[PDB]
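Residue numbers (the authors' numbering), protein chains in the order written: chain C, 100 to 464; chain G, 97 to 464; chain E, 89 to 145. By construction, the Cβ of each residue, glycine as well, lies at the ideal position given by its N, Cα and C atoms.
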Amino acid sequence: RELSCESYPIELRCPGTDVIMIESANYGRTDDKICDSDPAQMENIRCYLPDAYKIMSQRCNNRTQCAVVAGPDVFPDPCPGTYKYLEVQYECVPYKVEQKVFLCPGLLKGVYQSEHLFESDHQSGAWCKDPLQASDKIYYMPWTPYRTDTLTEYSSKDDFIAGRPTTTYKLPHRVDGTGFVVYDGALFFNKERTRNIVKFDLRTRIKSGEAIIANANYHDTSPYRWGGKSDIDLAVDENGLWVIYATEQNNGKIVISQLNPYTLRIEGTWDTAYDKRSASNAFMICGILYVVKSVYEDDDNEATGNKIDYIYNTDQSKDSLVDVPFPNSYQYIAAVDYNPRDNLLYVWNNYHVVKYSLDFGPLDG
Amino acid sequence: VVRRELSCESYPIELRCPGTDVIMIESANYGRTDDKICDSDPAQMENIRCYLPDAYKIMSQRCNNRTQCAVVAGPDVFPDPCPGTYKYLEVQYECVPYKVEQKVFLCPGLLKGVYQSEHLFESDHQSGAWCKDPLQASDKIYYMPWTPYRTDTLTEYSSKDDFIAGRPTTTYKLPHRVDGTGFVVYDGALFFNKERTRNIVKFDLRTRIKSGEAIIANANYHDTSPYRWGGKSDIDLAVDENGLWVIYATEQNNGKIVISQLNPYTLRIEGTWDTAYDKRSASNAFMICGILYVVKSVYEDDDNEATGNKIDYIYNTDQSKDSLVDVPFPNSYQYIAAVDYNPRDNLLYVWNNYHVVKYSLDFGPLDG
Amino acid sequence: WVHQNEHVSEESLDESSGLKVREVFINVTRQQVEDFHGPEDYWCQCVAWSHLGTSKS
Ligand SMILES: *[C@@H]1O[C@H](CO)[C@@H](O)[C@H](O)[C@H]1NC(C)=O
Ligand SMILES: *[C@@H]1O[C@H](CO)[C@@H](O)[C@H](O)[C@H]1NC(C)=O
Ligand SMILES: *[C@@H]1O[C@H](CO)[C@@H](O)[C@H](O)[C@H]1NC(C)=O
Ligand SMILES: [Ca+2]
Ligand SMILES: [Ca+2]
Ligand code: NA
Ligand code: NA
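Next comes the structure, spelled out in structure tokens:
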């Protein structure tokens, strides 16, 4: 076992080429005589953090050596004004890893139409599935300007088409745009008239946090071509949680930033060459941004669209001009989200709720 | 399981075995073998073939027979072999069971009584000192009789029989003049006090060259604060279960005995302790598993002294507490020159008025 | 003292006053410093001889 007090980094190492495997982890206070500090901070001996195991598994597991700084940079504060510590129980096992689910499918070669569920009452809205939790649950949020405040949950695909909901969540704030996403039983959304991302745990039905996306344009300032307060778009891929937005520093161009789903902080920022208002929507795969350029209802002397014309890699920090044909049967493309578990796109296009199939390249480099 | 650990200069290294397993060093080097491993200035790279043999000896004394280990790869734990070169620590270690040996490195106990054991011969000199190397498993005897302003040679004897018969193996020609009887041999190297200086000189017997010179801070030297008989015995060196020690006196402690642990590799003070006993009032002193034993005795010139030949003071380093004792000490002759303790044989290597003698020890379990 | 052979003397004459000037140079190698295991840094001093006495630098 390993133990380290607040702001003190912890070290984990297995002999030879053996891999670290976390069994039990807690960030808080269970015992008062282990660490040494002020007695006022030691009065509360009942501090707990369940997400501690999830954080350690994402960094230490399937690796020979590990170094995690036990502070606010890696762990969110559960109880304020209390000197915390990190208790970790780990075992040394062979260097074997689990394939397909976490692993990158490659570079996108072509998008094709897959499923057509139904034609919703709203022109614009957003639908998705939680890729972390192994469940057939569908999350639905039809966008209504200055009135979006509810997230609908469906038990299965059959219930979603038939319109049989399981439960409806009453959100603490109004939602702006069709950019919402669900990451490990928690809802991430853009709060109305703010550059803030709100974390809402579906299990507890309470808000867990609110993060400020620095210099980000909000409330119809820099949305997608259709507007509708699409200023901030959230994405989920193989690399983790992402924030697709725009800053005035980049002159309205798309700015992509990786967000930590627990600490709710920016873990890197990238500036692109593509203008957000010129873009119809965007999605992340393996840390690569894909810009959708589509045609819309009411387009004076216009036919140019229905394509992926720009790509931006985060690891390489380099951009390229592509021409991947994108399906647009109905003109008003509202939302495009990628699910790494099924490798399909979750699209909302002019009242229509559609799923798109993907084809990938033999290599990614 | 066999492992590899690497860390550049001034960067501490960490060693840990799973569960309750113990660390075991096989190969260690502090210097430069490869240039592309560490990242620094290109001038230090592709130019130096730096090596340190003592690296294994240092790691075995700290990491071995322990679950976890943290050694700062710098001048505090490792002496600099090649200057102006960015060094690193390469260690190969294996995880083995925790069970360790008993009474080898371990303290035999508190001194209960001192008795006469062996009488070798009667040397030509009244004062001098003799000792063996407790680290190296050999019957080699190191002899150095004191001649004022003329001591500059150390004599080596093959065995006990040759020492009595006066048949020497080899004589070492020292680079500097030696002050007082205070000297010892620690792992094939000689530690002594250089004349008219508060400095300890390290001299490797194998290579026959000086390896280092350490300054014992604020220490009184050259007949300033010696023992009762005097004879420039201002600085005394001791060897025990805890390691290498320096028995001296400072003017800050008002002539009282000051004991400091010295590192045999880096040649630096790893702790200082101040006692209540005056050095000039004492005849000699010795260290046994971190405990100082101060010998009070009568001399030929002393006109019927109320000072009997007994150990009347003790000082513990771990507890930093002192006590007044009364252990009977052998008084056959009157001029006690040097008293040194050997942890391998648990005997006293004494020089008393021309006579070269060995004293047997009785140990009590008074430790806890 | 440093050996006589190591010393390189120059017999010069000054402009300001007509008197015998002496300039001596001594090479110090890396091997000399790295193999010196004394207590202080490798130091050197200069001693000059006159008909009246000596002086240190
Ligand atoms: C990594 O370790 C986690 C912890 O159990 C495991 O679930 C996962 O399959 C391992 N492999 C990868 C690629 O994450
Ligand atoms: C300590 O570890 C060394 C390394 O092998 C071993 O030889 C020795 O017996 C152990 N115990 C002691 C007291 O040194
Ligand atoms: C030694 O010093 C002299 C000048 O006194 C110099 O000319 C010579 O080159 C030096 N030796 C070496 C190897 O440089
Ligand atoms: Ca999107
Ligand atoms: Ca002694
Ligand atoms: Na979205
Ligand atoms: Na001595």
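- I410/C is positioned such that its CB atom lies closer than 8 Å to that of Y389/C.
- Between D330/G and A381/G, the gap from beta carbon to beta carbon reaches 8 Å or more.
- For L444/G against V210/G, the beta-carbon gap comes to about 7 Å, under 8 Å, which counts as contact.
- Within a 10 Å sphere around the beta-carbon of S416/G sit fewer than 16 other beta-carbons, which makes this residue exposed.
- Shown in chain order are the residues whose CB sits closer than 7 Å to a heavy atom of ligand 5: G278/G, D332/G, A334/G, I343/G, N380/G, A381/G, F382/G, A434/G, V435/G, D436/G.
- Taking non-hydrogen atoms of ligand 1 into account, the C-beta of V196/C is found less than 7 Å away from one of them.
- Cβ neighbours of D150/C within its own chain (closer than 7 Å, five residues either side excluded): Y361.
- Out of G262/G, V342/G, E396/G, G284/G, the CA that lies nearest to the CA of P230/G is found in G284/G.
- Counting the other Cβ atoms within 10 Å of the Cβ of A402/G gives fewer than 16, which makes it exposed.
- Proximity of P149/C to chain G, defined by a Cβ-Cβ separation below 8 Å, is not satisfied.
- One residue list follows from the rule of a beta carbon closer than 5 Å to any heavy atom of ligand 3, given in chain order as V96/E, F113/E, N115/E.
- Below 8 Å, enough C-beta pairs join the segment 170-187 of chain G and the segment 118-128 of chain G to call them touching: three or more.
- Not one beta carbon of chain E lies nearer than 8 Å to the beta carbon of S379/G.
- A contact between stretches requires three or more CB pairs, one per stretch, nearer than 8 Å, and the segment 197-212 of chain C meets this requirement with the segment 445-459 of chain C.
- By the Cβ neighbour-count rule, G460/C is exposed, with fewer than 16 other Cβ atoms within 10 Å of its own.
- With respect to the C-alpha of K306/C, the residue from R112/C, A225/C, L363/C, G115/C having the closest C-alpha is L363/C.
- Put simply, the backbone Cα of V297/C is about 48 Å away from that of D137/G.
- Put simply, the CB of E99/E is far from chain G, with every gap to its CB atoms at 8 Å or more.
- Think of a sphere of 8 Å around the beta carbon of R99/G: the chain C residues whose beta carbon falls inside it are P114, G115, in chain order.
- Close to chain E, meaning a Cβ-Cβ distance shorter than 8 Å, are the following residues of the segment 308-319 of chain G: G308, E309, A310, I311.
- Between ligand 7 and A225/G, a heavy atom-to-CB distance of less than 7 Å is present.
- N160/C has its Cβ nearer than 7 Å to a heavy atom of ligand 1.
- Residues of the segment 176-197 of chain C with a C-beta atom less than 8 Å from some C-beta of chain G are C191, listed in chain order.
- Counting along the chain, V112/E sits inside the beta strand (DSSP E) bounded by residues 108-113.
- Residue-level contact by beta carbon fails for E122/C and chain G, as no gap is shorter than 8 Å.
- Relative to ligand 2, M155/G has its C-beta separated by 7 Å or more from all heavy atoms.
- The three-state secondary structure of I237/G, taken from DSSP, is strand.
- Contact annotation: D135/C and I144/C have beta-carbon atoms that are not nearer than 8 Å.
- The segment 155-170 of chain G makes contact with the segment 184-204 of chain G: 3 or more CB pairs, one atom from each, lie closer than 8 Å.
- A direct Cα-to-Cα measurement between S106/C and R112/G gives close to 22 Å.
- In the structure shown, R158/C falls within a helical segment according to DSSP collapsed to helix, strand and coil.
- From the beta-carbon of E347/C, no residue of chain G is found nearer than 7 Å; the closest lies around 39 Å away.
- Taking the Cβ atoms as the reference, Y323/C lies roughly 6 Å from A378/C, within the contact range of under 8 Å.
- Taking CB atoms only, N448/G has no neighbour in chain E less than 8 Å away.
- Sequence-ordered contacts of the segment 408-442 of chain G with chain E are nonexistent [C-beta pairs closer than 9 Å].
- For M141/G, the distance from the CB to the nearest heavy atom of ligand 2 is not below 7 Å.
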